[PDB]
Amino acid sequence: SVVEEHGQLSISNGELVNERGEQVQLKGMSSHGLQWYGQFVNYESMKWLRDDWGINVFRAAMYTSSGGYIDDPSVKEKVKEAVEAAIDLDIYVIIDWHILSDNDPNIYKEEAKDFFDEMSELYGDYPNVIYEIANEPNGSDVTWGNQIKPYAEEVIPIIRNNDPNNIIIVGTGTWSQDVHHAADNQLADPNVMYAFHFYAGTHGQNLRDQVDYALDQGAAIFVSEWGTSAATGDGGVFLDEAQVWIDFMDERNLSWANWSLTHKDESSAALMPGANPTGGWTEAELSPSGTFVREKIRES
């Protein structure tokens, strides 16, 4: 239903629109690292998220380091399973080259180009696919102008050679928070979005003003990772501030993916320890975070 109705996505005047030009907002879940919690990413769990939660996008978080793709590349196959499931369920899917401790996207750029060549050659003629080429650039020595933009200008051409206009989400500086710098020095590709990430444990009023600054420069923004917890993914659940961000994203028509779908014992995890990896969760199998996220997407 979703992908058949909205079809080809694109960016028009800094907004995400469907193939008939109407604004569309995607809301879904991100996996946790596929090298650790890959059992939660399968057709059945994704189908349960779609039908019971109302998700319209799923994000496959393929860590590169921390036991991820560079150490064991077999995890790319789990990305393919998520993509195929999304195609079968007629929802959108984000392929995330999940950099983090490998804080500069240039560290593994050659592997990233090869990876994105393969993914775009395989799925480049489906409208479901959204490429996220560098999850969270971070560090004082990793800037938009010197490291991130140039990386993006190497990897985007590889993708575009196989897939001319599916959406590409590009990470920003300071753990994908520095949308200001990226919005003042935008990429040429017309179907790019800049990532913006937030954690409800952080007081967010200036961060909201910064997203508004970026939007005002005509940059499109995709909230490809956010949590109800602190920045570490644990440390409490902050639903009042999470609700303020939810409302802000609805007012600005910003698409988002919540972190994360796992049973790990950390506040941002959506599931409790005994949740079935294939779905069908009862209220008791959802954590306080997962209960809130599900309500937000159902309400949508």
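Take the two forms, find the largest set of C-alpha atoms that superpose within 1.5 Å, and that set is the rigid core. Throughout, we count residues from 1 along the sequence that is shown.
- Taken in 8 other deposited structures of this protein and fitted on the core, 211-219 and 226-234 differ in how far their Cα atoms move from the shown form, and the one that moves more is 226-234.
- Between the stretches 95-103 and 71-79, it is 71-79 that shows the larger average CA temperature factor.
- Look at the mean CA B-factor for 19-27 and for 281-289 in the entry; the higher one is 281-289.
- Per the PDB record, 165 has a higher Cα B-factor than any other of 165, 177, 206, 161.
- Going by the entry's values, 218 shows the largest Cα B-factor out of 127, 137, 157, 218.
- When the modelled residues of the chain are ordered by their C-alpha B factor, residue 267 lands in the highest third.
- Residue 211: CA B factor in the middle third of modelled residues in this chain (values from the PDB entry).
- Among the modelled residues of its chain, residue 56 has a C-alpha B-factor that falls in the lowest third according to the deposited record.
- Ranked within its chain, residue 189 lands in the middle third, by CA B factor from the PDB record.
- Annotation for residue 36: CA B-factor lies in the highest third of the chain's modelled residues.
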